[PDB]
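*Asks:* Here goes the first bit of my complex:
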Amino acid sequence: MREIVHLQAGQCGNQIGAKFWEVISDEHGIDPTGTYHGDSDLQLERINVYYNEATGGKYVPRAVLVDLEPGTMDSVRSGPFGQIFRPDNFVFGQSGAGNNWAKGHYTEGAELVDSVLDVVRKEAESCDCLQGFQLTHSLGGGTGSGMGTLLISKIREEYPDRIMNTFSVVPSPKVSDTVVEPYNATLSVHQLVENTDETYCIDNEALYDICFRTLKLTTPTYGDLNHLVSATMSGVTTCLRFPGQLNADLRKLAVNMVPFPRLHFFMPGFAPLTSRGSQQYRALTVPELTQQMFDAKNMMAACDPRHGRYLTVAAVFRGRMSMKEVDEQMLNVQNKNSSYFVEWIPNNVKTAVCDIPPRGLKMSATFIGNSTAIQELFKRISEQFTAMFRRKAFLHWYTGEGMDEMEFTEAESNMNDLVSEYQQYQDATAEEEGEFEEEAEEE
Amino acid sequence: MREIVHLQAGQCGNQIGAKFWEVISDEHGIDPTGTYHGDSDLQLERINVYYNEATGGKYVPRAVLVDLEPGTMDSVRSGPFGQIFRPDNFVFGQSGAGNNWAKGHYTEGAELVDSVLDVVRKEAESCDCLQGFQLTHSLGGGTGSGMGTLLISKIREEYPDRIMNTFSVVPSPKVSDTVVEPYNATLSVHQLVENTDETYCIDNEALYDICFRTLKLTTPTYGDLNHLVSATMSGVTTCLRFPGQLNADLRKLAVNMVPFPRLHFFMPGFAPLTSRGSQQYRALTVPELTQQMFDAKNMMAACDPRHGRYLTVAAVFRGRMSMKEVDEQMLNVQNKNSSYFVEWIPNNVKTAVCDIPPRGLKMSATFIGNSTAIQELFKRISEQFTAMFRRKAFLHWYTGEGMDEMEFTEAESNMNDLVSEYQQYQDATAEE
Amino acid sequence: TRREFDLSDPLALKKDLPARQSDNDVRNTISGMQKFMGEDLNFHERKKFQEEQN
Amino acid sequence: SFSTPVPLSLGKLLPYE
Amino acid sequence: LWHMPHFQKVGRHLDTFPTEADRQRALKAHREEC
Amino acid sequence: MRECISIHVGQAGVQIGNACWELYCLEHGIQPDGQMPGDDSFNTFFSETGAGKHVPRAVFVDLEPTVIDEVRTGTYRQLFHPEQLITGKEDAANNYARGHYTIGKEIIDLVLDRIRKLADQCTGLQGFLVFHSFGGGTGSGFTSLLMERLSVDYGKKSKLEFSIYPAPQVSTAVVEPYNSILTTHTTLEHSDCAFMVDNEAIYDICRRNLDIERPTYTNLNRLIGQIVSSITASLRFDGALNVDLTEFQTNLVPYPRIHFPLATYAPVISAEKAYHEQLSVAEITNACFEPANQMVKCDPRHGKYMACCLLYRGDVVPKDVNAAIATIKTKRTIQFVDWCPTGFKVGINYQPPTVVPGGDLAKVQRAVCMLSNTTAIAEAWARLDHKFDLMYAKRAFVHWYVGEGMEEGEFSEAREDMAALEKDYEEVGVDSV
């Protein structure tokens, strides 16, 4: 009875949403029609978290699908599990954004948020006790970035004391498949900074690296990429829907991992992923999961934690397991890697343990890392944005649609302030206090 | 209880290690699929030394196979016991070394070790009480000598208070199969000396002499040579895995074999070997094992202890036997050969007894000798190195990849200092 | 016959399954992700009949 | 068929209907 | 291990010894023994 | 007619209470339905309905439904009252501020109504046993406000705390030092006694003694239930010496701010070692003073014992009790302060400890529990102040507390009180002349 409302923005958001809803529909035992055909009684105990009850024992997702182009909604409706969605939750425009942030934020996206927010309020006021909002979008396009951030701003203004979760597909320096990505990526981080409680950075070249080295698939397509992203998305909120020995919901993870309100960018990972040939040579154990989860190959963002300091770490395990092994492994890694963890926080790692594993699996785990090595992503975005903006390339498409030139400079300044804040919290001493205390009061 | 991490460098290292894993898989009773099909209870008691448990009652070796050419990896995987290795344990480069120590140590070996050390640390932190690392390699190649010694140095820096055993195939003057091999042989001795706990010197001409004369085979292939090397290699660690009346592990042998930190080169030998036609005519007893152990025809090096002095001698016996006969034979050899042993160390011998014999055999023995007669090998390598370097043979291959010319001079100086130390401990008086 | 014995069973790793014993596993589904769509088991047959088409 | 508005639509078959 | 100088100049809450001289003698003996 | 009211608050409290009430039902011969298959000894923990139904005197309090629903669904769903299991809607999310000012303030009216309705059935009431953990948001904030309003409602009734102290090395949270400071600050004046346990020492004990290489929270909760049953056996079953709750309330707290005893149980052994060991009174009382058998990860050799309370169960004789206590006193490793020449209290009980099916312990004739007060927890307070201070230098995780009900100066006052508590401990520990 802590409901989570799902929002999907853009083509990337809609495809990730379709795969994620297929994954948890199979997890809770729901056929594409909507009914329930399962084997355990613990599956319908907590199903109101994601599913609205319909007539005749049907279940529909509590998700809205929002787009500026009519072409994606056809493929989503006629996809694998397209029957389960309500037809009134598909909100689409008719003229596309054209990979433009100005069209998504001012010109075309401003006329669509008035129709989206009616459905959002309709499905947010019918809940019993709202846990919060979840968003799936990409910072490289026009529908996902601009109008997604506009929806974020309006939703945060309307519902202040709820939780806001974003899964943002940040751009890549190598797998950049759009010329005008740096403008859309630089103008969106400022709207992401002060209007989100948790943000998870997912990067396409990191997903491709996982599918090439760890999994060794022959053709790693977008179905596999969104399959991995859905694997990330399920294990964060499994503690709301399934019982366990130690529970940790979204607020419990955010409280422990966010020390300051401007530091809410996380890198995610999943644990038991193994190639087809190396399956029979490997045993599923808790030390194995903890050993392989902290691998730098496993990260779903293109940031190497060896270039920074782990500010905070969280791990959510799933399966029948002993607490002693979990606690001893997360003490052991902290005592071994002495320099990769910050020094003004003792015991940087948080543990959660759930009982019910994924279907057909014995044991699994999920990693969320708040690290200072995330500043190199913003530095690369800022350097490409500066390189383009010095010579004023592609600027008429943004300026002739209601934007003055000072917004780009303020976005650069805010990104530079964020990277300076991360650098100062990295290179900070712990055995010292100064310049704001009460001058050693009393005697 | 004490794990050993195995390392395989080069084509020679891959082939020797593959035969070695076949031999000890047959010792511990493991099918080529990987499971356990045995007939005793002591087979599975000490098996974590070399094998990691997997799901379904499967055992996978704790070995890494490193090569700079993918040709050898396919043959190893397509061999008879190739399916037992985990697929991630093969680390192979795409461009070879081409018998070049400079390519192996600076250009091509700089980027391969960043991937090798991940797997090595992955299999080293999974052990409970790691006994140490074992290496098998040859100094006649590029990816075995240069990159191999680079791995030795980096493992030495990462894990200081551990054990480093190596089986080095140093070259031979008559069975020389490479023109530029004196450079590779000379430039690795310094890195072995400054970073190795124990070194065992193996010679292909010595193995050929054994297989020609004692075993009497018509086609002495590298399979038979690797069989001899592996049968030597198993008897050094048999005391860790099998019980006995008197135990001696790798650290136990190292303590009593290394009296000085620059003296850690050993000559090995094996005892029960006999020809097919002479198999029925030979009785297997402890005096036969002891008389066939210490024969100068039997050494696995290009070294004769008649020209030198036995600094210290170790013997590891295998089989149910009596301690009195072992002690009296090891005393009788010391009494009879009074001039072939040094005097400043009394009780020059070390003895270990293991219960379980090798499979298909009743009694066996293994010998490890620290002797001064190993310095003639280094003298020969140094004089051929100087003979090439005075006329500057092949130096463009080594210079154009980023090596100064002073490295050859310091290699000469360090090798000459080592052989001078061996001369000094040969010419040592009882009193002064 | 002690409650919670399976956590400390010595033969627990002996009485286990690799969870991907074969391609035709009933239990391997989309949520437990040992099976992936991008594994082209039809790759070589598709390549051969493409060559025949050309 | 699905993406076109309710006005400006001919007789067409909606997906899954 | 480490504490602020902010929280060093704060005293005790109990007063168990009869006289301050006896307390100081006991503290001196305990410091010399430790 | 002697009775105690159990208040299990938090997930740790509920999961300890499950094992505790299973143990109590097996001790008194109550079915999971709640009916017996002239003895009134169950009245200490159960209330007899006129039709034969037995209802426990326990209140399960939580702010999340995921662990109360297991109780409402599982085997003992017919035993507990539906009204005695109280469940919020949103958990405290590891905030003392949420557990004390925003979320915890709402349901205390209902909790105190249940407490009053269970305390009005009591012919003679001994006290309240509060099961909780310092780390969690509910077990910090709601426990603090529960004891504040409980001291308002009831004047000077005894409050015993069974509390999970934070472990020195392992933990399952980050904001545990904040919660521990702000918990001990309030319970220091509003608690009567507070028995410390932590998970790391019980992990070591279960790994070394019970031959379990992988313990679990259930394996910990069974041992905690054995400790609480050993405490209440003097009330329920007859013995040579009777120890009531106020007795060891009085006999282990020598000063107004020093009310933190440490618990120990002996013998905790397995079947393959119970087949070999002769478990006599001297052996079971020598096993209690061993620092490796302590249930709190602190070494008593650093500190000095202030008082001890020993509770023996089974085939035990006072002469063999007292000779062994004399031997303990004459040993040189164990040290007492100079102003405590009489340092012990003893209790003797006749009924041996029971055994549960599937349990870890062995069926043993005699056993002993110990509640001891040492100076060697000043190091634990010093380490916890180290962690709190090292976080508090940069003011990390403080906005979550500030923007949810409480000001900043409460942090400074809650640390300045604990520094005075440390100086209190050294003043107590310093010997005379």
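*Replies:* Structure's in. What do you need? Numbers count the residues shown, from 1 in each chain, chains lettered A, B, ... in the order given.
*Asks:* From residue A:258, how far off is the nearest residue to residue A:197 once chain neighbours are set aside?
*Replies:* Distances taken as C-beta to C-beta, 6 or more residues apart in numbering or on different chains place residue A:164 nearest to residue A:197, at 4.6 Å, with adjacent residues excluded. (C-beta placed from N, C-alpha, C; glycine too.) Plainly put, residue A:164 is 12 Å away from residue A:258 if you go by C-beta to C-beta, to the nearest Å.
*Asks:* still on that earlier bit, secondary structure element for the residue nearest to residue A:197?
*Replies:* strand A:163-169 (DSSP states H and E).
*Asks:* partner residues bridging the residue nearest to residue A:197?
*Replies:* Counting by DSSP bridges, residue A:164 forms beta bridges with residue A:133.
*Asks:* For residue A:164 and residue A:258, list the residues in contact with both.
*Replies:* Each of A:197, A:198 lies in contact with both residue A:164 and residue A:258 under the rule C-beta atoms under 8 Å, 6 or more residues apart in numbering or on different chains.
*Asks:* residues contacting the residue of chain D most remote from its centre?
*Replies:* Each residue of chain D has a distance to the centre, and by C-alpha atoms, centre = their mean the biggest one is for residue D:16: 11.7 Å. Counting by C-beta under 8 Å, 6+ apart, residue D:16 touches A:77, A:78, A:82, A:83.
*Asks:* Name the SS class of it, please.
*Replies:* coil (DSSP: H, G, I helix; E, B strand; the rest coil).
*Asks:* Phi and psi next, for it.
*Replies:* Here is the backbone geometry of residue D:16 (degrees, to the nearest 10): phi 60, psi 40.
*Asks:* OK, now which residue of the stretch 301-433 of chain F is nearest to chain E?
*Replies:* residue F:423 (4.0 Å; C-beta to the nearest C-beta).
*Asks:* ok, that residue touching residue E:8?
*Replies:* No. At 10.5 Å, residue F:423 does not count as touching residue E:8 under the criterion of C-beta atoms under 8 Å.
*Asks:* nearest spatial neighbour of residue F:64, skipping sequence neighbours?
*Replies:* residue F:91 (4.2 Å).
*Asks:* contacting residues for that neighbour?
*Replies:* By C-beta under 8 Å, 6+ apart, residue F:91 lies in contact with A:247, A:249, A:251, A:252, F:63, F:64, F:137, F:138.
*Asks:* Contact residues of chain C facing chain F?
*Replies:* When proximity is defined by C-beta under 8 Å from any C-beta of the partner chain, chain C lies next to chain F at C:1, C:2, C:3, C:4, C:7, C:8.
*Asks:* just checking, which of the contacts of residue F:91 belong to strands?
*Replies:* In strands, defined here by DSSP state E, there are no members of the contacts of residue F:91.
*Asks:* I'd like the residues you listed laid out as CSV, including neighbour count.
*Replies:* Putting the contacts of residue F:91 into CSV (neighbours: other C-beta atoms under 10 Å in any protein chain shown) gives the following:
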residue, neighbour count
A:247, 18
A:249, 23
A:251, 24
A:252, 24
F:63, 27
F:64, 24
F:137, 27
F:138, 28
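*Asks:* what's the closest of those residues to chain E?
*Replies:* residue F:137 (25.2 Å).
*Asks:* Please tell me how far that closest one sits from residue B:393.
*Replies:* Residue F:137 is 77 Å from residue B:393, by C-beta to C-beta.
*Asks:* Please apply the same query to residue A:373.
*Replies:* Residue A:373 is 50 Å from residue B:393, by C-beta to C-beta.
*Asks:* Phi, psi for residue F:87 please.
*Replies:* According to degrees, to the nearest 10, residue F:87 has phi -130, psi 130.
*Asks:* which residues does it form a beta bridge with?
*Replies:* residue F:62.
*Asks:* one more, chain G:
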Amino acid sequence: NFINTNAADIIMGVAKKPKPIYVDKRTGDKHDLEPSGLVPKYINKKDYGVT
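*Replies:* So, slotting chain G in with the rest:
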């Protein structure tokens, strides 16, 4: 200096006063306290007892 400024805004701040909410049933049932009638709000009005 981000560390000093974060400390400064943390120090120079006030706590949000909670809105009074009470819970009725075993399962959580949150209700606002002010307009329910269980708190004497309208007695305190200015026109109490006079025309």
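*Asks:* again for the contacts of residue D:16, since chain G is there now?
*Replies:* Here residue D:16 is in contact with A:77, A:78, A:82, A:83 (C-beta under 8 Å, 6+ apart).
*Asks:* farthest pair in those?
*Replies:* Of all pairs drawn from these, the one with the longest distance (C-beta to C-beta) is A:78 and A:83, at 9.5 Å.
*Asks:* related to what we said a few turns ago, mind saving the C-alpha coords of the strand holding residue A:164 as CSV?
*Replies:* What follows is strand A:163-169, C-alpha atoms only, in CSV (Å, rounded to 0.1, in the frame of the first residue of the first chain):
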residue,chain,number,x,y,z
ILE,A,163,9.8,10.8,-3.6
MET,A,164,11.1,11.5,-7.1
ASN,A,165,13.0,8.8,-9.0
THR,A,166,14.6,9.2,-12.4
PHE,A,167,16.3,6.7,-14.7
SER,A,168,18.2,8.9,-17.1
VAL,A,169,20.0,7.7,-20.2
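*Asks:* tell me, what residue is most central in the chain?
*Replies:* Just going to use chain A. Closest-to-mean residue, chain A, C-alpha atoms, centre = their mean: residue A:167 / 2.5 Å.
*Asks:* let's do chain G instead
*Replies:* Chain G, centroid-nearest residue using C-alpha atoms, centre = their mean: residue G:19 at 2.8 Å.
*Asks:* List the contacts of that residue.
*Replies:* Contact analysis of residue G:19 by C-beta under 8 Å, 6+ apart lists residue G:32.
*Asks:* thinking again about what came up before, could you tell me how far the residue farthest from the centre of chain D is located from residue A:79?
*Replies:* 11 Å.
*Asks:* Sketch out the helices for chain C, chain order is fine.
*Replies:* Taking DSSP state H as the test, the helices found in chain C are C:43-53.
*Asks:* Point out the residues in it that sit beside chain B.
*Replies:* So chain C meets chain B at C:13, C:14, C:16, C:17, C:18 (C-beta under 8 Å from any C-beta).
*Asks:* and the helix or strand harbouring residue F:15, how far out from the chain's middle?
*Replies:* Taking DSSP H and E as the criterion, residue F:15 maps to helix F:10-28. Taking the mean of its C-alpha atoms, helix F:10-28 sits 13 Å from the chain's own mean (C-alpha atoms, centre = their mean, to the nearest Å).
*Asks:* and if you look at stretch A:120-129?
*Replies:* That offset, for stretch A:120-129, works out to 22 Å (C-alpha atoms, centre = their mean).
*Asks:* in it, what's buried?
*Replies:* Buried positions in stretch A:120-129, judged by neighbour count with 16 or more other C-beta atoms under 10 Å in any protein chain shown: A:120, A:123, A:124, A:127.
*Asks:* does it come close to chain G?
*Replies:* Yes. Applying C-beta under 8 Å from any C-beta, one finds stretch A:120-129 touching chain G at residue A:129.
*Asks:* Next up, the contacts around the spatially most central residue of chain C.
*Replies:* Taking C-alpha atoms, centre = their mean as the criterion, residue C:20 is the residue nearest the geometric centre of chain C, at 2.5 Å. By C-beta under 8 Å, 6+ apart, residue C:20 lies in contact with A:274, A:276, A:279, A:280, C:28, C:34, C:35.
*Asks:* In chain D, what residue comes closest to chain E?
*Replies:* Residue of chain D nearest chain E, by C-beta to the nearest C-beta: residue D:3 (64.4 Å).
*Asks:* Leaving out the residues flanking it, which one is nearest to the residue of the stretch 51-200 of chain F at minimum distance from chain E?
*Replies:* Closest residue of the stretch 51-200 of chain F to chain E, C-beta to the nearest C-beta: residue F:188 (10.0 Å). Excluding the flanking residues, the one nearest residue F:188 by C-beta to C-beta, 6+ apart is residue F:257, at 6.0 Å.
*Asks:* Okay, residue E:15 and residue F:428: tell me how far apart.
*Replies:* In this view, residue E:15 and residue F:428 are 11 Å apart by C-beta to C-beta.
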